[PDB]
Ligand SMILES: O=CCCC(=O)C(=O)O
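In structure tokens, the next block holds one chain alone, the form deposited without this ligand.
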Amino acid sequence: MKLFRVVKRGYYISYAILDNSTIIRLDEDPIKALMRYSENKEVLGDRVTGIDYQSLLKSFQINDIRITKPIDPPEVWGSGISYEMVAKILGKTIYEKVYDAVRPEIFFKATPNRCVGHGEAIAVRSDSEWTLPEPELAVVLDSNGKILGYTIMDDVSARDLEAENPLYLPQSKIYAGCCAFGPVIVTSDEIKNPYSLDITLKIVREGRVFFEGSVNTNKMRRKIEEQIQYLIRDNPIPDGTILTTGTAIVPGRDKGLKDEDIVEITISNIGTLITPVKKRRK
């Protein structure tokens, strides 16, 4: 099952694609719907025609329906340095110490209103000279830490403020439009092996491929279930929480984002998340 959501005259409607490319309109709340599928694979709703999923992906809007965030995630948490490869602890950089330590990095990324979806604008902080997208695999979680599905997430990071001091990390990570995900949430059975997926980042400036990069999830050192385990320890998370698993694609110092740019992120079996860039006014 692949689940997406549209906004129509100020209200939401959630749809799901079954393997045979038939579209079902959901009776239930999308998060609630994912928990059900996670148990017995039952889907409650009616089969619809006239919903052009393929056009929605390309054109975002058709008539009076517009695609958006597939769900409203109550909490979004991140996890950095999970692939194989200035502030320093006794000679070693903080990043490489965490790479080797038992305890992974876990941080609070976003609230639902700080997130955007397919075809909506991510933002660059008014006071950042160097902001990069971080293309990551992300998981949707229930309150016990059970994986309800997968999606593409863009962990938008004001890399310059982070470099200045690791104590500025929250300011670098949490802001309006700091996070984008979609275009769907694929159920768990739609991905046989999560550690064998291709993630591709493209930044597009005035029709020009300004950056192109790729990495496969088989290069992920720190496994997903360990990230989950450390996230939920003594820490209650609501149903529909998203944990974003980290990035391997890191553009250079010169590849910093700016106004009008287009960030396209592709992951096998999920699709391509396209977000325009809007630079904040001081």
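Don't overthink the numbering: it's just position in the shown sequence, from 1.
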Subject >> Coordinates lacking for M85, a third or more of other entries >> reply: yes
Original post:
How much of the deposited sequence is absent from the coordinates between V209 and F210: none, 1 to 3, 4 to 9, or 10 or more residues?
Top reply: none
Original post:
Between 67-75 and 100-108, which has the larger average Cα B-factor in the PDB entry?
Top reply: 100-108
**OP:** Give the stretch, out of 87-95 and 115-123, with the larger mean C-alpha temperature factor in the deposited entry.
**Re:** 87-95
Subject >> C-alpha B-factor winner, where the candidates are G177, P194, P135, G149 >> reply: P194
Original post:
With respect to C-alpha B-factor, does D239 fall in the lowest, middle or highest third of the chain as deposited?
Top reply: lowest
**OP:** Please rank the C-alpha B-factors of the chain's modelled residues and tell me whether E162 sits in the lowest, middle or highest third.
**Re:** middle
Subject >> Relative C-alpha B-factor of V186, binned into the chain's lowest, middle or highest third >> reply: middle
Original post:
Considering only modelled residues of the same chain, in which third does the CA B-factor of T131 rank: lowest, middle or highest?
Top reply: middle
Original post:
Lowest, middle or highest third of the chain for the C-alpha temperature factor of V277?
Top reply: highest
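As for the form deposited with this ligand bound, it is not shown, yet the points below apply to it.
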Subject >> this ligand: the contacting residue among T151, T187, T131, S79 in the deposited bound form [heavy atom, 4.5 Å] >> reply: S79
Subject >> Of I191, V204, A176, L169, the one that lies within 4.5 Å of this ligand in the deposited bound form (heavy atoms) >> reply: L169
Subject >> Every residue of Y95, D155 and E162 near this ligand in the deposited bound form, heavy atom within 4.5 Å >> reply: yes
**OP:** Specify the contacting stretch among 29-37, 212-220, 52-60, 245-253, defined as having any heavy atom within 4.5 Å of this ligand in the deposited bound form.
**Re:** 245-253
Original post:
Using 4.5 Å between non-hydrogen atoms, is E105 touching this ligand in the deposited bound form?
Top reply: yes
